[PDB]
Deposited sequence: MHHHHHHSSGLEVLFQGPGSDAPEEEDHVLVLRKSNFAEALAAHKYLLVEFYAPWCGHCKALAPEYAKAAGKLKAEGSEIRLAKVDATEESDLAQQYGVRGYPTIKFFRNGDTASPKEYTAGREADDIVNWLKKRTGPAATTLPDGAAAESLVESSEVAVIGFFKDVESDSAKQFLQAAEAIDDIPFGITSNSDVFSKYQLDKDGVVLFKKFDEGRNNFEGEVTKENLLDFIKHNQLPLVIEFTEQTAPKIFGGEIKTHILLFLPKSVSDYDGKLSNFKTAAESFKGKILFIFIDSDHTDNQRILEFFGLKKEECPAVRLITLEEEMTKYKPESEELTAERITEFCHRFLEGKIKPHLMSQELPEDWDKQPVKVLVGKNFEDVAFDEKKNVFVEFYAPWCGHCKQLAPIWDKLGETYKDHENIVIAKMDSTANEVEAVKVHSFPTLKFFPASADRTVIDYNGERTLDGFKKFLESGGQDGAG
């Protein structure tokens, strides 16, 4: 008990950090920089909280790290500013919970108290049992008459290894009978699908974690943009609520999900809704084009037929699982005029065979319409086309890089002028020279070796 510390707050270097991780099962670490104004204000409140845990005889220890002094210890935790407070259970560096609440001593303390102590809540009666289940979407309850058995201990070891799910443990046999159990066992409760799964086999940590990993998550899941992080190989069903046989088609989307669990994540989204737009335009779809299906992995794919049984949606997945389905690239409809004017219009389908034509010197303007800089350049580009309208090898082109995506080259800033020489090796050269007709002409005739 003679370790470096300030006001009951452990001073952590990179030399002792993992030593305090093991010597303290509940370690709250504040990452601060001595110049940070907000780290200054938290400092006496952070220590005030450490003294109050001390007075209660709490085992929870509060520590801090001077990011200017270690620097590599802030790098090793993806720290993105100061103060940064991370909570470590069981010295596990894999799942540190970030503290994001109030920075007064009483806030910090009440936050710790609600997530310290053993990970499995002891259940004496059916009240605490069914409360634990109702308190979360997914809950796991272990049933052990002898709580000292390895099965019980391996269960508690598995409970500590998971934080996203509440764990319960009981020895009361009124509970066993209540939940239809005559012997020891583990039951996973969920508010979806079958609603309940029972564990089978040797009750070990490894087998328990695997049992939970595969039994959480619904078969098909409702898509919300707040769930997008945790959710994201996925198959996305854009299903409107207004449609007929909604339940029937949803059923077909679930039975197909039964054959790909753990490999493909089945997600259905309500297209009729107003919050599923960022994603419905991310795939370049409209409510009218739905019901629709889009599989991804960023590689995205798209089914052949447009109908939604179980067999076709399944084989579609199988077709993707072996090539047999080409990546779907976003691309406009290639207007038949596209090449009937001095400036040839490009889209996603022709691009490669146009731009990378081995007998052509293609000059493409990647653009967008609201881009004032790409409308200040529009008259100069049409003049460049008219100048080279009857040229033999030179072709002047333009593509809307919004509604089109191409694998060959990427563009996200407009306007971007790229030149594709007439060669076999698919060479590309950027034009960063004077945006003038004189500059364009000086650059083309000179092969591209002079300019930019």
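Sequence ranges without modelled C-alpha atoms (deposited numbering): According to the record, the gaps fall at 1 to 20, 253 to 257, 323 to 326, 482.
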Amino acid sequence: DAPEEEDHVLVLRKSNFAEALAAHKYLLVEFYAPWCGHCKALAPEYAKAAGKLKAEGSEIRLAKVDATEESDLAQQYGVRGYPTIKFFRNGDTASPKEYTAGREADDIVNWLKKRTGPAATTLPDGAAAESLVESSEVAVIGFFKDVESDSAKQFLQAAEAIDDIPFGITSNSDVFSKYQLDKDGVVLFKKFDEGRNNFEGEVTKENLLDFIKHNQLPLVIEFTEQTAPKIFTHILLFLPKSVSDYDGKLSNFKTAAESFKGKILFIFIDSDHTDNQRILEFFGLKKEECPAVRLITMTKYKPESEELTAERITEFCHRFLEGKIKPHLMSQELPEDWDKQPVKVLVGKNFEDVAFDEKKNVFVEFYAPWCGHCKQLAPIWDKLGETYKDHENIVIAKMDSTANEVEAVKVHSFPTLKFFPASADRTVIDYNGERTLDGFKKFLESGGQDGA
From here on, numbers count along this sequence of modelled residues.
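Should the higher mean CA B-factor in the entry be assigned to 58 to 66 or to 421 to 429? The deposited B-factors put 421 to 429 ahead on the C-alpha mean.
Per the record, averaged over C-alpha atoms, which has the higher B-factor: 301 to 309 or 165 to 173? Comparing 165 to 173 with 301 to 309, the higher average CA B-factor belongs to 301 to 309.
Per the coordinate record, which of the options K191, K145, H273, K153 holds the highest CA temperature factor? In this record, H273 carries the highest C-alpha B-factor of the candidates.
Among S131, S331, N90, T204, which carries the highest Cα B-factor? That would be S331.
Ranking the modelled residues of this chain by C-alpha B-factor as given in the entry, is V345 in the lowest, middle or highest third? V345: CA B-factor falls in the lowest third of its chain.
Of the three thirds of its chain by CA temperature factor, lowest, middle or highest, which one includes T387? Its C-alpha B-factor, which the entry lists for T387, ranks in the middle third among residues of this chain.
Please say which third, lowest, middle or highest, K25 falls into when its CA temperature factor is compared across its chain. Its C-alpha B-factor, which the entry lists for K25, ranks in the lowest third among residues of this chain.
How does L444 rank on Cα B-factor within its chain, lowest, middle or highest third? Top third by C-alpha B-factor.
Looking at the temperature factor on the CA atom of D400, which third of the chain's modelled residues does it land in? Within its chain, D400 is a middle-third residue by C-alpha B-factor, going by the deposited values.
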